[PDB]
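Here the structure is laid out as structure tokens; the discussion comes afterwards.
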Number of protein chains: 4
Amino acid sequence: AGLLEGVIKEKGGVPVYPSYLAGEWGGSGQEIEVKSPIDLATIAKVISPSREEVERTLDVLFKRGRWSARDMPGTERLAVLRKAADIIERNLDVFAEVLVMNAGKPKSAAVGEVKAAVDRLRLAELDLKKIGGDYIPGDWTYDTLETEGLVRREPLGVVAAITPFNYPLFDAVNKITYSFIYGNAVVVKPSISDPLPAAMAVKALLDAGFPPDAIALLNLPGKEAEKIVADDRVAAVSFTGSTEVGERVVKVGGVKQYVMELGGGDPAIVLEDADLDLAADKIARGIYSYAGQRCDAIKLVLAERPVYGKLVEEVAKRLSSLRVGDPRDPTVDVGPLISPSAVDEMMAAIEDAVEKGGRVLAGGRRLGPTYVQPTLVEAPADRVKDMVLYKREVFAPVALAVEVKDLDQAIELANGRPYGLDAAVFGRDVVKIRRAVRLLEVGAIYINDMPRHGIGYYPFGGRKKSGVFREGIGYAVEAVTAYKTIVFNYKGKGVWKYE
Amino acid sequence: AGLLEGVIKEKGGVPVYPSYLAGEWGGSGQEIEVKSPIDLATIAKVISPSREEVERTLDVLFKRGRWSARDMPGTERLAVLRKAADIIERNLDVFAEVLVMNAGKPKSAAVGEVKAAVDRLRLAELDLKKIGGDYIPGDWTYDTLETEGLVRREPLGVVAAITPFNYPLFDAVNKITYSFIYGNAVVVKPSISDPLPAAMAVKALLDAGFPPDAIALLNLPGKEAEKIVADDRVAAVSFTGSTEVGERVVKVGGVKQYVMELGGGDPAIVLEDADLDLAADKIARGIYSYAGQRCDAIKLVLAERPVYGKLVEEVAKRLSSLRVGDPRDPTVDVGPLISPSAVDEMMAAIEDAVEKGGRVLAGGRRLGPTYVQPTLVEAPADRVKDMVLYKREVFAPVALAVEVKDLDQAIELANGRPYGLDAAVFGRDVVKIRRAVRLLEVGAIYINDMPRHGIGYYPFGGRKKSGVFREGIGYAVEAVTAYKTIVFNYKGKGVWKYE
Amino acid sequence: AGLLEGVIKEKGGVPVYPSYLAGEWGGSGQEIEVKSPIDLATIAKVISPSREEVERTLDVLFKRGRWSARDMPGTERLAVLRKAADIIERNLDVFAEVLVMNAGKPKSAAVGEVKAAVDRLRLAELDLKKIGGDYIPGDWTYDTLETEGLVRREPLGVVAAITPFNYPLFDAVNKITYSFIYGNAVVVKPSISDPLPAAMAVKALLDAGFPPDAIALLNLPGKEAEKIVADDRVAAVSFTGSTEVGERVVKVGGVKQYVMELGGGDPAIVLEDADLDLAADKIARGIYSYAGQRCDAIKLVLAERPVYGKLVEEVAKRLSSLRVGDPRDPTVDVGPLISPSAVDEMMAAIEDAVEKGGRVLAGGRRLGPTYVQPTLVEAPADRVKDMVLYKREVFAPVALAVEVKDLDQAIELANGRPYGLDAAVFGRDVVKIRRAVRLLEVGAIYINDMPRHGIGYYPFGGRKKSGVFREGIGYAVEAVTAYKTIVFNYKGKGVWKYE
Amino acid sequence: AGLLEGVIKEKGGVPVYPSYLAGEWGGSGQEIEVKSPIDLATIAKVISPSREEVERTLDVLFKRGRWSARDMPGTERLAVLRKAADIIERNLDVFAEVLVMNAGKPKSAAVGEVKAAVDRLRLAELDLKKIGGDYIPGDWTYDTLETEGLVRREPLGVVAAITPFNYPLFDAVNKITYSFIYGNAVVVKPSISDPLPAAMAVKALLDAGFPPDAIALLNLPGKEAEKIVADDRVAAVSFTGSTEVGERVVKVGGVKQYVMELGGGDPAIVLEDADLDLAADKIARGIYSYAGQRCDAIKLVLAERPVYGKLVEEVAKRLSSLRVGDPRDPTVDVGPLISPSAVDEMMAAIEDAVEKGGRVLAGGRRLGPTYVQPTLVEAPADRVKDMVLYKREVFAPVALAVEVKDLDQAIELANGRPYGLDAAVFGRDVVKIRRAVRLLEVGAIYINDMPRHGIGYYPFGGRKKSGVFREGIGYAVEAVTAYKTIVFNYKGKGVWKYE
Ligand SMILES: NC(=O)c1ccc[n+]([C@@H]2O[C@H](COP(=O)([O-])OP(=O)(O)OC[C@H]3O[C@@H](n4cnc5c(N)ncnc54)[C@H](OP(=O)(O)O)[C@@H]3O)[C@@H](O)[C@H]2O)c1
Ligand code: NA
Ligand code: NA
Ligand code: NA
Ligand code: NA
């Protein structure tokens, strides 16, 4: 709508969103329904591209898009991104409504994602802190004497941005931004679950001046996207999604540069000297935000004996006072999960915990096909490691609570999951904090706050099953750029006099 | 021998080299013959590890090796590497003899590789220019106000170093060095073709103090190594080899950090204003060194009309005056190719060129199962692109010569191969040079010199089919290390007064 | 005017500009006339502050201004600068008119300075590439084992910005920008000759939100400014002016951080392979722009035998076709010099050159008290070094032309002046260029272009008599900021296990 | 002796040390006695250079020394420094004996300084982390479009190293090392009080290969050194000494690059949660080491109410159990002060404190012309600020103890002195620590340890009266090096296609 007026076609029924084929919106492949977790109803359809159009798009992106993007000076590229931000911002409510509707995201969380996407675009100027190579004089070795080196980065070419359902707007804007600010062409592939926000952003970008042959948005479901990843014209693949899909992506792609943000949940550690008010408050929010559908959501809480009681009590109270329902009501604190399937898994995981010695301390009641209460399950340390909620990531509002004797047990348990994205530690003692910071095997540690990736003001990414490489203002240059080395030989030419 | 006295076991016949299993030398798997390209004779045997020993080694490297390496302070780790250099250096001739014998490398080139390996170890102190994270103050965004960030690198854990046959000693030492200087454990997997130099270096390292449970040397042939790459305890894979094997490696490994140095040959461009003496001299050497068995070997020469004649003439003269035979004779300029198979391919490729309009300008005569003359094949521009010598990398001393009308044709042809490792340009005009530097799609460009990776004083790596990521003093930190972000939240705590 | 309506007071006669005293505009000291080089007429008066007000201002800047500036978050500080840019830009013509009138600057050059000042403000976001300290792990020495370091920069406090007459608007905005973007308070002290543009910018900044107690503009003539430089509350002094005044400034200030941009002219070298059209064009402009009143103005031209003739001829033609007069006429190419005194010196210097063997090739005729023709004086190498035009900087449109036999003589002569700000070299041979780049003792070298500092997109500053330290986007952080080191001791505390 | 055999001349009596005149040892100026604080006896004489020899030395350093140093490749320069370290190390005892004798330094502290000097030389390889400029692409502004920049550092030329009496060997080696590793020539000017260690180091360097015309050691007393500082051939001045002398140095030198390490003492803050054992132990040592003759010595202790008692008690006990006397006895903990004059001042300062309400808690008794007891003087907060021991730096083993109500009072008092070199904070709460780190106006803060500059593994330097700029591995490059900018103009030349 609004910016998509000429694009969207209302074929008797729901609005139909076509793919962008690096030049023109279209698509001749199967049409696919897009539903809302609020009521399982169809709110639109997206046109997927035919194999022939995928092939043609890639050919355009490669043969022409790489140069449109690279040959547009940086000052112009940034102008494009700044303009795109302006457009998205004046269409805020429209962007947010689609998020609430398509993603089942509470109105406040939906507004937050639009603002993040706007800010990310505007702050592309900070990504520039990573522009500018290195000079390497040669007189520090006899073999390189009277030699000189210059190392600078160049865009790889065509970057494939694969996006998850839980941040349908931000992830797309984020990847497009860091790929473009450095001069790359981009193939965006959003979750078929909620691909509407991505189409809206791509249009805003095109309206803002983004080289028409340098970007693409293909509505391809799951494995049909493999055609893109495996293509040799795709020099990089920026993927945010599940460990399991990420694995398949690399196996299909083969040699290329990758950024793999594979989530998993995060553990939170509470030391005896922690401000329990802050802790309880932050931990509770970390558990339920967006119905736990945040890769940086808290899935396990670990607290030392002397504060475990209060802490768990306060968090349980907090989770209990939450209001569930339709996200539209700014009254509601928690909306629905992306699918009934996801709730099924959460219920099963809660049963498993109880059978293995676990006790629910708050929530636990399913309220509908896609509605559930944010849950907090207590578990004894000697039994938690075998619980599904521990061993795996149950993408839902549910966390385990475990009493520990000391920091070492806290750390050990925190590290015992197969993931290593972020971790949180509340407490005040520098030494204990330092210890934790060194031994927690995660990409990021939040001291006295819940894990919050934000727009990547601070880089993030995983360790272990949570992936490889980071995303962040500036740091993302490593995934979409390659080094170029220039060596000059002046031996005997008289520049230097033996040196 | 010497440092391998207690290790090597002479079971009636040839010396038998066991694998190092992160603690003790051994192996209960098939024994494999190691032959010399000088006379196809068996010079030794290596003991491959059983699946059970591979499993056990990885378990040691992971559970214990990661910590031995990480918990050894850096000052101590560097001492180890410096010591290892001392040991290899006093055993120079021994190391070189094995290179000449096992790799068919001319005595001078063999001495050069030992010296490179010694220097690489000693210069691990320069890799330290990449130690030391980033501080990120939070007041440049309202959402991060009263927040702070610290980003530092940590070793990934266990790094798998897969090595090629043409630099059997250097590549191994190089990878072990940058992996260890940053605190990682390493599984070295040398080419089964010439795994002896690697065993010698590993022993020197162990003798020097390298944590015994933090390193491994497994004599596994080709695909049996996949067991290592695919294992989850292997967090990184540093691979130097062929495009085709590299592809398989990533597909087997899945998500992990990779450095893929996939070679291919390099093109050399000669402008009308180039010093043709230097050019001819450097280009000829770039063509024949180590019998063209250098990933950075020149495979194509492009020269502007007015100098093509002289240039090709001078290079042909030079290639013609070379002496072939056994590498032992410091008289010989060119030894044998690693296998008769490699020569077969070179002969076939030369035929193909001639059939497609090509004419030999020097060499072309096979001198034995593993001996051939360094060849220079002339080809008209309108026909070279379909020639096997162009489309592929014929790992042998053979290059195509092509006359071009101008720099644009030179660049176009240079970029027309599927590889993009390095490229060379001889000439003096800044503008033409700048143009070439911008448009040549390669990891590195050598101005007025032949492509020479050396010890990585200047980083190198490929573009296109030549791979992803770089190796170099300092730059290699990106492949064996991961970022750790620490975010501190001081909101309302009184550190800052609104700012 | 416009933004200065409430500020400027028209006391029967000319407009009277008061000083800004870190809180309120005012001043109780002598009033001073401000004249225009276009007609020696008084166009305004500035109120200088009393010793008591200087003292009070410094006390405010120190006790309160340092914190207003430091405690304003960066995101807010940048907003202030961006806003200030908007204000100056909408008042462009007003800013430019005052420049043309007060500085005698040609309308186009005046518009250029306003745009530079606007751009400099807007690009303060690029100065941020220099925000963010260093982490220093301690295990690379035994004595620092189990220790850790963090190094970050902090604003020094109160920065004194002393400004020259030739870039009355830019220099002021530039210094205020880099001092403020990092959190410092600023005392601006413009040339009493043309202090009006500075007052206009300061007002725009105050209007934009600049903490009122964190900035000051004092109309103090020459030596009366010493009171500021010598004060201990002034932690830094950013000075752009003459070598001789800079010398006095440091001697008065004593220990503090300084940036000393002391100008002098620049030499231009033309090699035999240079595009003489470009060369002649750029060199001529470098000679006459703003009537040679540019610190980066060309004062000496050196060309190799074979091109000297044409080059000097083309430049002479060009200088000859220039139109002199009042700057207002967009027809005029050259306006007046800041004072008749400056012309006196130029005429004397031209006489000296001729007496010492020099011959005028273009210009030489004085056209009025403050008007002169852009001059080009030929001089034989064996006699040029004793000429006033060589030994000194004659701030006027005049340069020496000298034929040389080769690059070495060119370089030698270029380096023979007491200054070392910038230098220019036209030619195409990489080796000769490299040679020149290494041996020219200057802060900056321009290849195939005239020296052009611009807004400091590329850092600049001098060597020898041209000063110390640089100014530039990002690089200026060194002059207004100080390092803070934080060392943490964890010995025996259990963070590390021997390492 | 030993390495000074041919140099030192025993003219009937004490050994006579000549100055090194950039080529040959000598000197025709007044001879000066060098005495030992252990017994006020003359242990040697140094030959000062005549004005004519100073002039000649500078001329050599400038005309020839700059190039010997710059034209010696870095790999060779480092070899020189590594060799010099070897020589000093094998002559350890000799170096230490002279320190104990000439500086009155306890044998252990003397051995420590020799080891520091050895390590500093060997670690010059870590200074290399600061070698290698910046590439600046031009397409981020329209005015710099099709332009490019390269910024690299060059040695300034001739660096003057002025050294203090308390670290007669280290400071000299330190300054020579960072000046030389980057390619500068050096004029060393040691304290006339104890210039012997410097002569020994210079000889070791000359023996190690240091270009003979690139270094100088001039035995000039106080103000006679001004001749050096004021000379235009001296491009940099690295000075470690008193605030007052530093001030004079800059006023004499004028415009040049300076590093001013002006000391003053340091304050130590003890929070209620601090390990009082560690605190007391570190604080006591910080008070008495080298008889308080350390610029980083503790002069003021501030502890929160609840721990003040114990803390002061434990420190008093510790200071009391110290043994004073001749430094030779490894039994002695404290040797003499450099002169009786220094003790006079300490006694006067202790009287002043008592008169103003202060009470001695330990020590206070003078034991001889140059011997005193390490003292701890208690003072009430409401009266300490007017005490001489607070307002000034009494270079002796004496500190004030002051009870405070909270961190804010601690910080306020800590910041109340005119100095700002380092500061120490003992405690464990992150927030309180963070607060202190932000508000303490010093160049460096030591958390849970006494201020210890060491060899500059972590950079240090002052704020306020303690100076400007830092010294440290790597960081010192800023004081002895200058930037060189190279801008390339390719406008319309066809490198870029509009970008
Ligand atoms: N890019 C660079 O910087 C660079 C540098 C040097 C060389 N190279 C290139 O690399 C090649 C080196 O020669 P090469 O003939 O030895 O090539 P290669 O066969 O590709 O070398 C492969 C290395 O990988 C191992 N390997 C083979 N199959 C494997 C599998 N399925 N799984 C895991 N590991 C496997 C090999 O062991 P086995 O010996 O047991 O098969 C060998 O150690 C050349 O093409 C050269 O151009 C590139
Ligand atoms: Na692939
Ligand atoms: Na895998
Ligand atoms: Na002063
Ligand atoms: Na001076």
Side-chain angles (χ1 to χ4, degrees), chain A residues 243 246-248 250-251 465 468, chain B residues 32 34 46 48 160-168 170-172 174 188-195 198 218-235 237 239-256 259-266 290 292-297 299 337-339 341-342 392-395 419-422 443-444 451 453 456 459-462 465-472, chain C residues 243 246-248 250-251 465 468, chain D residues 229-235 237 250-256:
Chain A
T243 306
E247 192 58 28
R248 171 62 175 170
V250 176
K251 287 188 173 166
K465 290 301 178 178
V468 63
Chain B
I32 307 177
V34 175
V46 290
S48 81
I162 309 293
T163 263
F165 88 79
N166 69 309
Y167 294 137
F170 181 72
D171 287 341
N174 187 48
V188 181
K189 150 80 182 74
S191 176
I192 287 303
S193 202
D194 50 4
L218 312 187
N219 301 310
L220 286 166
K223 78 169 191 178
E224 310 203 327
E226 290 183 14
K227 300 139 59 181
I228 297 176
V229 177
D231 197 288
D232 291 331
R233 299 108 122 197
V234 172
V237 174
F239 173 99
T240 296
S242 63
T243 306
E244 198 171 301
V245 173
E247 192 58 28
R248 171 62 175 170
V249 174
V250 176
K251 287 188 173 166
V252 167
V255 181
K256 305 167 180 287
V259 203
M260 298 300 284
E261 295 273 354
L262 313 179
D266 297 343
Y290 185 36
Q293 291 172 132
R294 290 200 311 134
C295 61
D296 41 351
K299 316 302 297 184
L337 270 60
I338 205 61
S339 85
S341 210
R392 224 176 322 175
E393 181 202 45
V394 181
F395 218 46
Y419 303 108
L421 193 68
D422 323 281
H453 288 174
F460 59 90
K465 290 301 178 178
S466 301
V468 63
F469 264 47
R470 317 282 93 127
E471 268 181 341
Chain C
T243 306
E247 192 58 28
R248 171 62 175 170
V250 176
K251 287 188 173 166
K465 290 301 178 178
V468 63
Chain D
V229 177
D231 197 288
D232 291 331
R233 299 108 122 197
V234 172
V237 174
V250 176
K251 287 188 173 166
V252 167
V255 181
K256 305 167 180 287

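Throughout, a chain's letter reflects where its sequence line sits, starting with A, and its residues are numbered from 1. Basis for what follows: all heavy atoms, side chains included, without hydrogens, waters or symmetry-related copies. Order of appearance sets the numbers: ligands from 1, and atoms from 1 within every ligand.
Within ligand 1, counting atoms from 1 as listed, the ones closer than 4.0 Å to a heavy atom of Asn166(B) are 6 (C), 7 (C), 12 (C). Heavy-atom proximity to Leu421(B), at under 4.0 Å, picks out these atoms of ligand 1: 1 (N). In the vicinity of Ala225(B), heavy-atom distances shorter than 4.0 Å reach the ligand 1 atoms 33 (C), 34 (N). Close approach to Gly263(B) involves these atoms of ligand 1, each under 4.0 Å from a residue heavy atom: 1 (N), 2 (C), 4 (C), 47 (O), 48 (C). Per-residue contacts place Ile192(B) under 4.0 angstrom from the following atoms of ligand 1 (heavy atoms of the residue considered): 38 (P), 39 (O), 40 (O).
Of the N or O atoms in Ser191(B), one or more lie within a sub-3.5 Å distance of an N or O in ligand 1. Considering backbone and side-chain N/O atoms, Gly241(B) comes within less than 3.5 Å of an N/O atom of ligand 1. Distances between N or O atoms of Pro221(B) and those of ligand 1 include no value under 3.5 Å. For ligand 1, one of its N or O atoms has an N or O atom of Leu262(B) under 3.5 Å away. Residue-to-ligand polar distances place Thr163(B) within reach of ligand 1: an N/O pair is separated by less than 3.5 Å. Polar contact check, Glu261(B) against ligand 1: a nitrogen or oxygen pair lies under 3.5 Å apart. For ligand 1, the polar-atom distance check finds no N/O of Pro164(B) at less than 3.5 Å from any of the ligand's N/O atoms. The shortest N or O to N or O distance between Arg248(B) and ligand 1 is not under 3.5 Å.
Proximity of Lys189(B) to ligand 1 is established by a heavy-atom distance of less than 4.0 Å. For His453(B), the closest heavy-atom approach to ligand 1 falls below 4.0 Å. The closest approach between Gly264(B) and ligand 1 falls below 4.0 Å for a heavy atom of the residue. A heavy-atom separation below 4.0 Å is not found between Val229(B) and ligand 1. Within the 4.0 Å heavy-atom shell around ligand 1 one finds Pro190(B).
Looking at atom 25 (C) of ligand 1, its nearest protein heavy atom turns out to be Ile162(B) CG2, 3.7 Å. Among all non-hydrogen protein atoms, the one lying nearest atom 32 (N) of ligand 1 is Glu226(B) CG, 3.4 Å. Here the protein heavy atom with the shortest distance to atom 19 (O) of ligand 1 is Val245(B) CG2, 4.0 Å. From the protein, the heavy atom lying nearest to atom 17 (O) of ligand 1 is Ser242(B) N, 3.8 Å. Atom 40 (O) of ligand 1 has as its closest protein heavy atom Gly222(B) N, 2.7 Å.
Note: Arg294(B) CZ to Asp266(B) CG = 8.5 Å, rounded to the nearest 0.5 Å. Interatomic distance, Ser466(B) OG to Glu261(B) CD, rounded to the nearest 0.5 Å: 9.5 Å. Atoms CG and CG, on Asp296(B) and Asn166(B) in that order, are 8.5 Å from each other to the nearest 0.5 Å. In this structure, CZ in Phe239(B) is found 6.0 Å from CG in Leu262(B), a value given to the nearest 0.5 Å. Atom NE2 of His453(B) and atom CG of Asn174(B) lie 11.5 Å apart (nearest 0.5 Å). Taking CD1 of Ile228(B) as the reference point, atom CD1 of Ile162(B) lies at 6.0 Å (rounded to 0.5 Å).
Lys299(B) places no side-chain N or O within 3.5 Å of a backbone atom of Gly264(B) that could act as its donor or acceptor partner. No donor-acceptor distance shorter than 3.5 angstrom exists from the side chain of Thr163(B) to the backbone of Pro190(B), with no hydrogens or angles considered. In this structure, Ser191(B) contributes its side chain and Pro164(B) its backbone to no donor-acceptor pair below 3.5 Å. Remark: side-chain polar atoms of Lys256(B) are paired, donor with acceptor, to backbone N or O of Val234(B) under 3.5 angstrom. Side chain of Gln293(B) to main chain of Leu337(B): no donor-acceptor pair is present (N/O by atom type, distance under 3.5 Å, no hydrogens or angles).
Between atom 14 (P) of ligand 1 and the options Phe165(B), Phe460(B), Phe395(B), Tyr419(B), the minimum heavy-atom separation is to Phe165(B). Comparing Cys295(B), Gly467(B), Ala230(B) by heavy-atom distance to atom 8 (N) of ligand 1, the nearest is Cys295(B).
Taking every heavy atom of both residues into account, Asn219(B) and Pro195(B) meet most closely at OD1-CB, 3.8 Å.
The pair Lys465(B)-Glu393(B) does not count as a salt bridge, with every side-chain nitrogen at least 4.0 angstrom from each carboxylate oxygen. Salt bridge annotation for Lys251(A)-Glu247(A): present, with a cationic side-chain nitrogen under 4.0 angstrom from a carboxylate oxygen.
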ring-ring contact (aromatic ring centres under 6.0 Å, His included) between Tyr290(B) and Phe395(B), intermediate numbers included
CA-CA 10 Å; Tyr290(B) 185 36; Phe395(B) 218 46; 8.0 Å; no

List the steps and the verdict of salt bridge (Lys or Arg N to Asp or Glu O under 4.0 Å) for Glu226(B) and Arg248(B).
CA-CA 9 Å; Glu226(B) 290 183 14; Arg248(B) 171 62 175 170; 2.9 Å; yes

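Excluding water, every protein N/O/S atom under 3.0 Å from the Na ion (ligand 5) is given here by residue and atom: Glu247(C) OE2, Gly253(D) O.
The number of heavy atoms from other shown groups lying within 6.0 Å of CZ (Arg233(B)) is above 12.
By the criterion of a heavy-atom distance under 4.0 Å, the side chain of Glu393(B), and not its backbone, is placed next to ligand 1.
Contact check for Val250(C) versus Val250(D): side-chain heavy atoms found under the 4.5 Å cut-off.
With ring centers used as reference points, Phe460(B) lies 6.0 Å or more from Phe469(B).
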